[PDB]
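J.: Quick one: the structure is below, questions incoming.
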Amino acid sequence: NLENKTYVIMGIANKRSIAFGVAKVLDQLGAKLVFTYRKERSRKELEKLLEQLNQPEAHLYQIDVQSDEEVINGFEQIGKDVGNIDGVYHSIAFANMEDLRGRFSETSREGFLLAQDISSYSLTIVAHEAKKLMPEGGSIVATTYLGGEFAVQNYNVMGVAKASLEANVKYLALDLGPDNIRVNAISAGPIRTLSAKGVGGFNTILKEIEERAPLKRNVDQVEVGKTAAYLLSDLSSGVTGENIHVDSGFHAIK
Amino acid sequence: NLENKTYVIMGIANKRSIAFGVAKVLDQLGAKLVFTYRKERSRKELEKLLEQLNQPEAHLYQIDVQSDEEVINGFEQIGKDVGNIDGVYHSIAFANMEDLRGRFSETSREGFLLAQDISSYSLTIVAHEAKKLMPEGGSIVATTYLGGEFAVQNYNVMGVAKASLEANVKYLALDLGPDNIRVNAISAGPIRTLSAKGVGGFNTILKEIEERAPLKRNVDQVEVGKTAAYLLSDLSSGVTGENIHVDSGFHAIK
Amino acid sequence: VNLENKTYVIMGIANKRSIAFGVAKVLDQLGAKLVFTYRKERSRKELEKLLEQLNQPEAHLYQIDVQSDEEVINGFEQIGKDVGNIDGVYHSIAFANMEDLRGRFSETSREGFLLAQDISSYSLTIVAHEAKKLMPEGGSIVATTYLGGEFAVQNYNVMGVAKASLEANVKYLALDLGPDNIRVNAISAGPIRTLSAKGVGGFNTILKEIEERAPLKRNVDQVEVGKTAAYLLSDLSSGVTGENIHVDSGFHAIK
Amino acid sequence: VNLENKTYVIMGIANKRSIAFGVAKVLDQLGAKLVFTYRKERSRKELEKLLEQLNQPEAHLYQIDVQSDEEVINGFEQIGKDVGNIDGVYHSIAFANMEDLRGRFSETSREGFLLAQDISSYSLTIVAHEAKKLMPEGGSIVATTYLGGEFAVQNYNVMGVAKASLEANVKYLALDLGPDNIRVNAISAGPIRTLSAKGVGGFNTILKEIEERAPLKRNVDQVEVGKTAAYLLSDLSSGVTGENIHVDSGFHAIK
Ligand SMILES: NC(=O)c1ccc[n+]([C@@H]2O[C@H](COP(=O)([O-])OP(=O)(O)OC[C@H]3O[C@@H](n4cnc5c(N)ncnc54)[C@H](OP(=O)(O)O)[C@@H]3O)[C@@H](O)[C@H]2O)c1
Ligand SMILES: NC(=O)c1ccc[n+]([C@@H]2O[C@H](COP(=O)([O-])OP(=O)(O)OC[C@H]3O[C@@H](n4cnc5c(N)ncnc54)[C@H](OP(=O)(O)O)[C@@H]3O)[C@@H](O)[C@H]2O)c1
Ligand SMILES: NC(=O)c1ccc[n+]([C@@H]2O[C@H](COP(=O)([O-])OP(=O)(O)OC[C@H]3O[C@@H](n4cnc5c(N)ncnc54)[C@H](OP(=O)(O)O)[C@@H]3O)[C@@H](O)[C@H]2O)c1
Ligand SMILES: NC(=O)c1ccc[n+]([C@@H]2O[C@H](COP(=O)([O-])OP(=O)(O)OC[C@H]3O[C@@H](n4cnc5c(N)ncnc54)[C@H](OP(=O)(O)O)[C@@H]3O)[C@@H](O)[C@H]2O)c1
Ligand SMILES: CCCCCCc1ccc(Oc2ccccc2)c(O)c1
Ligand SMILES: CCCCCCc1ccc(Oc2ccccc2)c(O)c1
Ligand SMILES: CCCCCCc1ccc(Oc2ccccc2)c(O)c1
Ligand SMILES: CCCCCCc1ccc(Oc2ccccc2)c(O)c1
Ligand SMILES: N[C@@H](CCC(=O)O)C(=O)O
Ligand SMILES: N[C@@H](CCC(=O)O)C(=O)O
Ligand SMILES: N[C@@H](CCC(=O)O)C(=O)O
Ligand SMILES: N[C@@H](CCC(=O)O)C(=O)O
Ligand SMILES: N[C@@H](CCC(=O)O)C(=O)O
């Protein structure tokens, strides 16, 4: 039960965003949500999607995580508008499409660093700023992929960005632990999203999960949302620094 | 919310047992609970502990997991008394005291094979039998310790039994997944229990958790129980073959 | 490397295809003195015939069923009396019933589970204990494992849980014998066609997935395991202990 | 592990204490020919002095700052014209500012973070892309990492997230270049007193904890890293790729 609880959800672009599944779960559990978006269309999209929720009002903040000042001001404004929060769901990543296919060894410096910046560093600065809104502690959750642990065909630069994310999560857990802020990751199995269209060979992976994973089926955004609710609530007190795979057990086999 | 769920909790010895933390939490969530014990003394303690729960009925079964016939007949009797179940919490391990200190290399065969039998094989046979009471799926959780993943001074023969138990979880998740039965583990931090007195250097390790773990505190049995509820419930659908550390982030640091 | 004046015990040659014979060719080529342990009388016969291919000027063959403490204890003691102190042990031993290496892991019997643990994992612990007496200055111990110890591989079943145990065994032994300057490590070998591999279900399917999907796009051989064994057994790998090295074409690194 | 007739590029010697000079002494002694790359002119001065203790009959020195694509590109191109085809590269390059190596990780600046990624992880990708041109028959690339890349070590902070990135880099390069027979691996060295170590908070207390708590009860040195490098760079490690071998007295295997 998340009544009298408030969470900031970053990275909804449409009905299929992993963060929207996260949203519906927390909303149904009675949380107040605040949403952050980058693109104009994500705001319109958000405004439509909010009609399905019970958020009696639309708390939306444009924040591009490439900008220090947008992150800083955005969280500062959230604090002014809504008060202290109980944690943050981070669901933001980027890499250039050319980098998401062919040969990882041909990755450009620019593309390699862009992926790191958006897909990893953004968690560091979000945590720093979000912490100011969590004086009695809280919970931060980032979304990763098994590609950060093993080399997966095509995932390429986003793999090294996710490995960076996953260690980012461990170092934040250690740094923020004394402040009672837990930091974890959900390693989601493959799910059809706007971002997923950009990754080479996505559909082959979908079928292989079905064939080979212990549960013999793919996961949906709501399954990630249910594990988000656990990690964002007191049910997961004692757990920090962790990466929980919500992937039908695929991580555990070979 | 576990109303109309039934779970079997194996391995309560007294009020400090991890499994009793599991019990309190599931009971508070409205689960029907069934308990299994080895020693006479444990059944006595269980009868007295049930007065603190809202369980309106004592469902208690003697099962020494060294005996197949007790596991087979235990569970068959359980299904006759309560019907189908939704999952099993396994909280059972054992080794001889002199295998919990000194030099690992001096472990006897009977000592090594005893720890494997009770602390690992027991899970396989339990899963096989419990499966018969889960025609529509359910969830099985075993209790492990970080010294299954790394060599910890003193933990010795039990380290190798936990490494075996954690694989057992993965091979069972793979086997039982098509049947919609999830198998997972909780890697609990040190907690003063009856069994922990058997382990050399335990107080030292407790203190080092407070000094070194991200949360700078030890965990307790209710925190384990809280994550057991996540895993034994549908909130964790899509999660299987996983090991979730409830250990204040100690697993993530070095 | 160079290995003249070293002596290694190699446990678990059954025939020309054994991984341990790959080890033996490499060490023997590097100048080492070799001592060989076997269970079946047929393995001794093969060994005697395989010795003609090696530079060893002497057969030192010892029967040792690692199910028996007394055979391990007596065997190592006899080795010590015959060849003096040793520099390391290559352990290439494992067993599980076929009744067990296919179909459902949930149906494994207690006796088959403990069998596999006893031979495939406990053996290392007692061997390590007995071999330490022959290594007063320090030494190196290597066991042979497989990726099914770290992940659940279809069909590898009971033997996966025994490799998990074995890999933990190597870490605990590494911690325990470290101060005696004895290193203990594991080689995680890729699928290789051996007598034991014939009783693993779906083995050929896995061989071919390795070629299609592993970074090197090819399977490995016994000599490749031997060459890493020479590394782990020699001073080249001083500083390295409790380690598991995958000799598997990079397959462990991908999903 | 005789290396006559091989050639290796070694990137990141700055002085006698550098881990890469450990590698260089080991390789040089096995009869390889070495090419060295440096950033600061002081590092070239130090290599000129150090080459006098090696057997190399000539100095092959190239300035390469791995922040510049053109320097990496032109530097490898030139190496290829001067010595022709190579057998592998040892990468021993990392950098982070000193604020970012103590106090609170969460306070790391974007610029500090991306600097460390750039020099300590990306440089490997572009070095592999350019060195691959010199290795038409295959070869071996080895980078240097630290345990801090796998677990959060207090004070290692931004460099640990860079090492996580690096270790994944190795895996993705392994898979990409395997079909070209180029092996890519990582040595995870234990703490060693170098120039770069002077910049990490709490380094001395980590050294002491290794002696007290690691299986071998001692620290490792640069030559021990060189010995494992000789293994990884040579044919002894055929079949091994995407691997990370810990040369750290076993400290990675304990908690
Ligand atoms: N779908 C999967 O199979 C899968 C699996 C595992 C992990 N993940 C992870 O899940 C997370 C969300 O991705 P998704 O699949 O749900 O795709 P998505 O709906 O397309 O979400 C990507 C989101 O990232 C946001 N984003 C990108 N750059 C940003 C920036 N610079 N500042 C602020 N927001 C930015 C996008 O915002 P704008 O559109 O407004 O630019 C969008 O809302 C990512 O971390 C992804 O790596 C996805
Ligand atoms: N306390 C910790 O720091 C810690 C940390 C991580 C993991 N764990 C794991 O947590 C689990 C529960 O242990 P605990 O700490 O809660 O200690 P505990 O209270 O002493 O419970 C251990 C249970 O094991 C049962 N058991 C032993 N052998 C059995 C057998 N042959 N058949 C049936 N039951 C048997 C005991 O029952 P009887 O008394 O009736 O014999 C007892 O109820 C164990 O798996 C332990 O390894 C503990
Ligand atoms: N082949 C592969 O794809 C593969 C991959 C990874 C790891 N491995 C591992 O490599 C090692 C060697 O096996 P392999 O593939 O080379 O097959 P192998 O040639 O059949 O050798 C297995 C050896 O195990 C010995 N052995 C079994 N039980 C024993 C006992 N109780 N006492 C003494 N020795 C006993 C056998 O001796 P007897 O013939 O005298 O009974 C035989 O020499 C094993 O540990 C195996 O698990 C194999
Ligand atoms: N010392 C340890 O305990 C330890 C442990 C594990 C891993 N490592 C790793 O070992 C590797 C070697 O470091 P070390 O300890 O031997 O320190 P070191 O002697 O200071 O070597 C570091 C090298 O990095 C080079 N470098 C930095 N930025 C560069 C750039 N932009 N372009 C080209 N080269 C650059 C330096 O060259 P210039 O001086 O010419 O700028 C220097 O030669 C590093 O990857 C480090 O992370 C060290
Ligand atoms: C081999 C492909 C395997 C399936 C990849 C699963 C996945 C889908 C979408 C992702 O979000 C991205 C991906 C790329 C860029 C930005 C966000 C993501 O992280 C992982
Ligand atoms: C090195 C000290 C580390 C602290 C060990 C934490 C722990 C405590 C109790 C355990 O239960 C046992 C232990 C032995 C036998 C039966 C049950 C257990 O698994 C792990
Ligand atoms: C799906 C499995 C994929 C391929 C398994 C590779 C392998 C072959 C032989 C083995 O030695 C055994 C095996 C079983 C029993 C005794 C010794 C071994 O350890 C691993
Ligand atoms: C608290 C951790 C203490 C143990 C640190 C071991 C170590 C020493 C030096 C390193 O080289 C760097 C480090 C920082 C910047 C550039 C090169 C390095 O990677 C790892
Ligand atoms: N076990 C503690 C206290 C006794 C107890 O109450 O269990 C001891 O060893 O002294
Ligand atoms: N008994 C001590 C350790 C010494 C020993 O086990 O011999 C303890 O319980 O911490
Ligand atoms: N034994 C068969 C697989 C079928 C089975 O073992 O059930 C094989 O080796 O391919
Ligand atoms: N050593 C390289 C190739 C042979 C050589 O160039 O030395 C490898 O094993 O891929
Ligand atoms: N670098 C000093 C202390 C650093 C600090 O106080 O930040 C050390 O040796 O630990």
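Residue numbers start at 1 in each chain; chains themselves are named A, B, ... in the order of the structure tokens; ligands are numbered from 1 in the order shown.
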Dump as a compact mmCIF listing (two decimals) with N, CA, C and O atoms, in the first residue's frame the residues of chain C that approach chain D to within 10 Å, counting only C-alpha atoms.
T.:
```txt
# COMPACT_ATOMS: atom_id res chain seq x y z
N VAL C 1 56.22 -20.99 -20.21
CA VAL C 1 56.64 -21.96 -19.15
C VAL C 1 57.98 -22.68 -19.46
O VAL C 1 58.58 -22.53 -20.56
N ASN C 2 58.50 -23.31 -18.39
CA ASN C 2 59.29 -24.55 -18.41
C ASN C 2 59.27 -25.39 -17.12
O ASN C 2 59.48 -24.90 -16.02
N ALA C 168 32.68 -23.91 -5.54
CA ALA C 168 32.76 -23.37 -4.19
C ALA C 168 33.92 -24.03 -3.44
O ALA C 168 34.72 -23.33 -2.76
N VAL C 170 36.68 -25.16 -4.60
CA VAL C 170 37.94 -24.54 -5.03
C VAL C 170 38.22 -23.20 -4.29
O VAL C 170 39.37 -22.88 -3.94
N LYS C 171 37.18 -22.40 -4.04
CA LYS C 171 37.33 -21.10 -3.36
C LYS C 171 37.68 -21.30 -1.87
O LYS C 171 38.66 -20.74 -1.35
N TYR C 172 36.93 -22.18 -1.20
CA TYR C 172 37.23 -22.53 0.19
C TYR C 172 38.61 -23.16 0.35
O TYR C 172 39.36 -22.86 1.31
N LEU C 173 38.98 -24.04 -0.57
CA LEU C 173 40.33 -24.61 -0.51
C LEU C 173 41.36 -23.53 -0.74
O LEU C 173 42.42 -23.55 -0.14
N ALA C 174 41.08 -22.62 -1.66
CA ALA C 174 42.03 -21.55 -1.98
C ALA C 174 42.33 -20.69 -0.73
O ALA C 174 43.51 -20.41 -0.41
N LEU C 175 41.25 -20.34 -0.02
CA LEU C 175 41.29 -19.58 1.24
C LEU C 175 42.06 -20.34 2.33
O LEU C 175 42.95 -19.79 2.99
N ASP C 176 41.79 -21.64 2.43
CA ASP C 176 42.33 -22.48 3.50
C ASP C 176 43.81 -22.80 3.25
O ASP C 176 44.60 -22.72 4.21
N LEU C 177 44.24 -23.00 2.00
CA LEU C 177 45.64 -23.45 1.72
C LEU C 177 46.54 -22.33 1.23
O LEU C 177 47.76 -22.52 1.08
N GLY C 178 45.92 -21.23 0.80
CA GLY C 178 46.67 -19.99 0.58
C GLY C 178 47.88 -19.75 1.49
O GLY C 178 49.00 -19.59 0.99
N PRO C 179 47.68 -19.71 2.84
CA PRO C 179 48.82 -19.46 3.71
C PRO C 179 49.89 -20.53 3.57
O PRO C 179 51.04 -20.25 3.93
N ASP C 180 49.57 -21.71 3.03
CA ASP C 180 50.63 -22.70 2.78
C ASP C 180 51.27 -22.57 1.42
O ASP C 180 52.08 -23.42 1.02
N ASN C 181 50.96 -21.46 0.75
CA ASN C 181 51.41 -21.26 -0.63
C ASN C 181 50.93 -22.36 -1.61
O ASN C 181 51.68 -22.78 -2.49
N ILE C 182 49.73 -22.89 -1.41
CA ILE C 182 49.16 -23.81 -2.35
C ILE C 182 47.98 -23.06 -2.99
O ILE C 182 47.05 -22.65 -2.27
N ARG C 183 48.05 -22.82 -4.30
CA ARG C 183 46.94 -22.20 -5.02
C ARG C 183 45.91 -23.22 -5.48
O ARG C 183 46.25 -24.35 -5.79
N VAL C 184 44.63 -22.87 -5.55
CA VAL C 184 43.68 -23.87 -6.02
C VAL C 184 42.81 -23.11 -7.01
O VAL C 184 42.26 -22.04 -6.67
N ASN C 185 42.67 -23.65 -8.23
CA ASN C 185 41.90 -23.00 -9.28
C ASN C 185 41.08 -24.05 -10.07
O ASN C 185 41.28 -25.26 -9.91
N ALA C 189 35.93 -25.95 -18.83
CA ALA C 189 36.16 -26.38 -20.20
C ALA C 189 34.87 -26.32 -20.96
O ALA C 189 33.85 -26.60 -20.37
N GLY C 190 34.95 -25.95 -22.24
CA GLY C 190 33.87 -26.07 -23.19
C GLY C 190 33.61 -27.54 -23.45
O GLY C 190 34.41 -28.38 -23.05
N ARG C 213 27.52 -19.76 -32.06
CA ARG C 213 27.32 -18.62 -31.16
C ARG C 213 28.51 -18.11 -30.29
O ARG C 213 28.53 -16.95 -29.95
N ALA C 214 29.48 -18.95 -29.91
CA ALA C 214 30.65 -18.52 -29.13
C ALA C 214 31.49 -17.54 -29.93
O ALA C 214 31.69 -17.74 -31.13
N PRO C 215 32.01 -16.51 -29.27
CA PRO C 215 32.93 -15.56 -29.92
C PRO C 215 33.95 -16.19 -30.90
O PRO C 215 34.07 -15.72 -32.05
N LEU C 216 34.65 -17.27 -30.52
CA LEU C 216 35.60 -17.85 -31.48
C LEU C 216 34.91 -18.67 -32.58
O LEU C 216 35.57 -19.10 -33.52
N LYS C 217 33.60 -18.89 -32.46
CA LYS C 217 32.89 -19.70 -33.46
C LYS C 217 33.55 -21.03 -33.69
O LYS C 217 33.71 -21.44 -34.83
N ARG C 218 34.00 -21.69 -32.64
CA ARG C 218 34.61 -23.02 -32.79
C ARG C 218 34.64 -23.64 -31.40
O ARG C 218 34.62 -22.90 -30.42
N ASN C 219 34.68 -24.97 -31.33
CA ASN C 219 34.85 -25.70 -30.10
C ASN C 219 36.31 -25.78 -29.73
O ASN C 219 37.19 -25.48 -30.56
N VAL C 220 36.58 -26.20 -28.50
CA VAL C 220 37.95 -26.25 -27.97
C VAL C 220 38.36 -27.70 -27.92
O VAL C 220 37.56 -28.60 -28.21
N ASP C 221 39.62 -27.96 -27.59
CA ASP C 221 40.05 -29.34 -27.42
C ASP C 221 40.82 -29.53 -26.14
O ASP C 221 41.09 -28.58 -25.41
N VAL C 223 43.87 -30.34 -25.66
CA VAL C 223 45.18 -29.66 -25.62
C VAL C 223 45.06 -28.20 -25.16
O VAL C 223 45.85 -27.73 -24.33
N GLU C 224 44.00 -27.51 -25.60
CA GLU C 224 43.69 -26.17 -25.11
C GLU C 224 43.48 -26.13 -23.60
O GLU C 224 43.97 -25.22 -22.93
N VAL C 225 42.82 -27.15 -23.04
CA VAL C 225 42.68 -27.22 -21.59
C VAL C 225 44.05 -27.47 -20.96
O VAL C 225 44.43 -26.78 -19.99
N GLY C 226 44.82 -28.41 -21.51
CA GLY C 226 46.17 -28.63 -21.05
C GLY C 226 47.06 -27.38 -20.99
O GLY C 226 47.87 -27.20 -20.06
N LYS C 227 47.01 -26.58 -22.05
CA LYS C 227 47.83 -25.38 -22.12
C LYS C 227 47.48 -24.39 -20.99
O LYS C 227 48.36 -23.90 -20.29
N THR C 228 46.19 -24.17 -20.72
CA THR C 228 45.83 -23.41 -19.55
C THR C 228 46.22 -24.12 -18.24
O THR C 228 46.55 -23.47 -17.24
N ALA C 229 46.12 -25.44 -18.22
CA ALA C 229 46.55 -26.20 -17.07
C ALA C 229 48.03 -25.94 -16.79
O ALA C 229 48.40 -25.70 -15.65
N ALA C 230 48.86 -25.91 -17.83
CA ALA C 230 50.29 -25.62 -17.66
C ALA C 230 50.46 -24.24 -17.03
O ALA C 230 51.24 -24.07 -16.10
N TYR C 231 49.66 -23.28 -17.50
CA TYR C 231 49.66 -21.93 -16.94
C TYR C 231 49.37 -21.99 -15.42
O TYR C 231 50.19 -21.54 -14.59
N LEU C 232 48.25 -22.62 -15.06
CA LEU C 232 47.74 -22.59 -13.69
C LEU C 232 48.67 -23.41 -12.78
O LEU C 232 48.84 -23.10 -11.61
N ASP C 235 54.60 -21.41 -12.30
CA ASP C 235 54.82 -20.11 -11.69
C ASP C 235 54.24 -18.95 -12.50
O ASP C 235 54.01 -17.86 -11.97
N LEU C 236 53.99 -19.16 -13.79
CA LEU C 236 53.33 -18.12 -14.57
C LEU C 236 52.11 -17.58 -13.85
O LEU C 236 51.76 -16.42 -13.94
N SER C 237 51.44 -18.42 -13.09
CA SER C 237 50.19 -17.95 -12.51
C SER C 237 50.28 -17.70 -11.01
O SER C 237 49.26 -17.73 -10.29
N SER C 238 51.49 -17.47 -10.52
CA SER C 238 51.64 -17.02 -9.15
C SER C 238 50.82 -15.74 -9.05
O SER C 238 50.76 -14.95 -10.01
N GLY C 239 50.18 -15.57 -7.90
CA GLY C 239 49.24 -14.47 -7.73
C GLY C 239 47.79 -14.84 -8.02
O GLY C 239 46.89 -14.11 -7.62
N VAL C 240 47.57 -15.95 -8.72
CA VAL C 240 46.23 -16.33 -9.16
C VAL C 240 45.73 -17.54 -8.35
O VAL C 240 46.38 -18.60 -8.31
N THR C 241 44.68 -17.33 -7.57
CA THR C 241 44.08 -18.44 -6.82
C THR C 241 42.58 -18.20 -6.55
O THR C 241 42.16 -17.05 -6.58
N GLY C 242 41.80 -19.27 -6.39
CA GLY C 242 40.33 -19.17 -6.23
C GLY C 242 39.69 -18.79 -7.55
O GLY C 242 38.50 -18.37 -7.60
N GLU C 243 40.48 -18.84 -8.63
CA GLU C 243 40.00 -18.40 -9.94
C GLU C 243 39.37 -19.54 -10.79
O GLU C 243 39.65 -20.74 -10.59
N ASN C 244 38.39 -19.19 -11.64
CA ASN C 244 37.80 -20.14 -12.57
C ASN C 244 38.04 -19.58 -13.97
O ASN C 244 37.43 -18.57 -14.34
N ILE C 245 38.87 -20.24 -14.76
CA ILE C 245 39.19 -19.76 -16.12
C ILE C 245 38.45 -20.56 -17.16
O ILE C 245 38.51 -21.80 -17.22
N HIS C 246 37.67 -19.84 -17.97
CA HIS C 246 36.83 -20.49 -18.97
C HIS C 246 37.64 -20.71 -20.25
O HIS C 246 38.15 -19.75 -20.84
N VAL C 247 37.87 -21.99 -20.57
CA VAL C 247 38.52 -22.39 -21.81
C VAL C 247 37.40 -22.91 -22.73
O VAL C 247 37.17 -24.13 -22.84
N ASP C 248 36.68 -21.98 -23.35
CA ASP C 248 35.41 -22.32 -23.96
C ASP C 248 35.05 -21.45 -25.15
O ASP C 248 33.85 -21.28 -25.45
N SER C 249 36.05 -20.88 -25.82
CA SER C 249 35.77 -20.06 -26.97
C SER C 249 34.99 -18.77 -26.69
O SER C 249 34.38 -18.16 -27.58
N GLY C 250 34.97 -18.37 -25.43
CA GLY C 250 34.30 -17.13 -25.05
C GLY C 250 32.82 -17.31 -24.76
O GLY C 250 32.14 -16.33 -24.48
N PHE C 251 32.33 -18.55 -24.78
CA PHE C 251 30.89 -18.79 -24.68
C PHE C 251 30.30 -18.31 -23.34
O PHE C 251 29.19 -17.80 -23.29
N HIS C 252 31.05 -18.47 -22.26
CA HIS C 252 30.60 -17.99 -20.96
C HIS C 252 30.31 -16.49 -20.98
O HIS C 252 29.57 -16.00 -20.13
N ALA C 253 30.96 -15.74 -21.88
CA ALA C 253 30.82 -14.27 -21.80
C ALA C 253 29.61 -13.72 -22.53
O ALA C 253 29.40 -12.50 -22.54
N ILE C 254 28.80 -14.57 -23.16
CA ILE C 254 27.70 -14.07 -24.00
C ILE C 254 26.35 -14.64 -23.58
O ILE C 254 26.32 -15.63 -22.86
```
J.: Ligand 1: which residues are within 8 Å, counting only C-alpha atoms and all ligand atoms? Reply as a ChimeraX atom specification.
T.: /A:10-20,36-43,63-66,90-94,118-119,142-146,158,162,186-196
J.: Set the distance at 10 Å and use only C-alpha atoms: which residues neighbour residue 9 of chain D once local chain neighbours fewer than 2 positions away are removed? I'd like the list as a list in words.
T.: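 Answer for this query is residues 7, 11, 12, 24, 33, 34, 35, 36, 37, 60, 61, 62, 76, 79, 86, 87, 88, 89, 90, 91, 131 and 141 of chain D.
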J.: For the residues selected in the previous step, produce a file with C-alpha atoms as a PDB file, in the first residue's frame.
T.:
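That gives us selection37.pdb:
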```
ATOM      1  CA  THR D   7      55.554  -8.209 -31.467  1.00  0.00           C
ATOM      2  CA  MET D  11      50.263   1.195 -23.875  1.00  0.00           C
ATOM      3  CA  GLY D  12      50.692   3.106 -20.610  1.00  0.00           C
ATOM      4  CA  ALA D  24      57.308  -5.325 -20.607  1.00  0.00           C
ATOM      5  CA  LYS D  33      59.762  -7.401 -29.680  1.00  0.00           C
ATOM      6  CA  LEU D  34      57.926  -4.484 -28.015  1.00  0.00           C
ATOM      7  CA  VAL D  35      56.459  -1.190 -29.189  1.00  0.00           C
ATOM      8  CA  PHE D  36      55.568   1.324 -26.448  1.00  0.00           C
ATOM      9  CA  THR D  37      53.029   4.125 -26.491  1.00  0.00           C
ATOM     10  CA  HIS D  60      59.951   1.855 -30.735  1.00  0.00           C
ATOM     11  CA  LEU D  61      58.239   4.773 -29.022  1.00  0.00           C
ATOM     12  CA  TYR D  62      54.957   6.414 -30.064  1.00  0.00           C
ATOM     13  CA  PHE D  76      48.759   2.552 -34.965  1.00  0.00           C
ATOM     14  CA  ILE D  79      53.459   1.395 -35.868  1.00  0.00           C
ATOM     15  CA  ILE D  86      51.628  -7.279 -34.452  1.00  0.00           C
ATOM     16  CA  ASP D  87      50.510 -10.169 -32.233  1.00  0.00           C
ATOM     17  CA  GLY D  88      48.595  -8.178 -29.595  1.00  0.00           C
ATOM     18  CA  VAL D  89      48.196  -5.078 -27.464  1.00  0.00           C
ATOM     19  CA  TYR D  90      48.495  -4.663 -23.734  1.00  0.00           C
ATOM     20  CA  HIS D  91      46.260  -1.801 -22.617  1.00  0.00           C
ATOM     21  CA  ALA D 131      45.104  -2.510 -33.872  1.00  0.00           C
ATOM     22  CA  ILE D 141      44.279  -7.799 -26.663  1.00  0.00           C
TER      23      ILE D 141
END
```
J.: Residues within 10 Å of ligand 7 should be enumerated using only C-alpha atoms and all ligand atoms and returned as a ChimeraX atom specification.
T.: /A:254 /C:18-19,92-98,100-102,116,119-120,144-149,152-160,162-163,188-207,210
J.: Compile the residues of chain B that lie within 9 Å of chain D, evaluated using only C-alpha atoms, and express the compilation as a PyMOL selection string.
T.: chain B and resi 146-147+149-153+251-254
J.: For chain A, work out the contacting residues on chain B at 9 Å, counting only C-alpha atoms, and write them as a PyMOL selection string.
T.: chain B and resi 170-171+173-182+189+213-220+223-227+229-230+234-253
